[PDB]
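Below sits a lone chain in structure tokens, taken as the form deposited in one PDB entry.
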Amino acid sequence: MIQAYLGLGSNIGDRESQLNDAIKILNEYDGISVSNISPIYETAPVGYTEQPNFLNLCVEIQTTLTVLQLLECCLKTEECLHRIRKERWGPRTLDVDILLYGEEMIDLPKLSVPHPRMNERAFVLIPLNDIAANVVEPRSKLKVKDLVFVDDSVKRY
């Protein structure tokens, strides 16, 4: 059994309802059990143009799946929520990102864990800190509570 942490986002449709549906679907795969869920945060989009605000949260899971089996379940959940994938990035019904998989470091063409951007993202670290404050991020070797920083663009929803 491995303790893993997922980052969820939605910035189109009924964001909260899609996030709650996504959690229920994730928990329903064999080999995945949701053990904790952060508060929901409304977050300013980063890394792109002006876009609709996201709802983001993190989820703790207990899993017996390999990290690539877990990735398949995450992507399938996005498909269940009818995520659109066009030539350019745009708003999405659901994004399910693997943030941490135990203390493993995985670098494969289709998978990087810990997520390559998480340590510089308030929309990840703030909700992650609500449920994983003492979890070690194995690249930096810091606890999440030592990575998290204050960011006014992330607000409790």
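Numbering starts at 1 and follows the sequence shown. The term rigid core refers to the most C-alpha atoms you can superpose between the two forms while keeping them within 1.5 Å.
Below: the form deposited in another entry, not depicted.
Undergrad: Shifts of 2 Å or more at the CA atom, core superposed, between this form and the one not shown: which of the listed residues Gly102, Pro91, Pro45, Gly31 is the one?
TA: Per the superposition, the moving residue is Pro91.
Undergrad: Hey, the CA atoms of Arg85 and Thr66 end up closer or farther in that other deposited form than in the shown form, with the change being 3 Å or more?
TA: Result: farther.
Undergrad: At a change of 3 Å or more, would you call the C-alpha separation of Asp97 and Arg88 in that other deposited form closer or farther than in the form supplied?
TA: Farther is correct, given that in that other deposited form the C-alpha spacing of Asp97 to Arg88 is increased by at least 3 Å.
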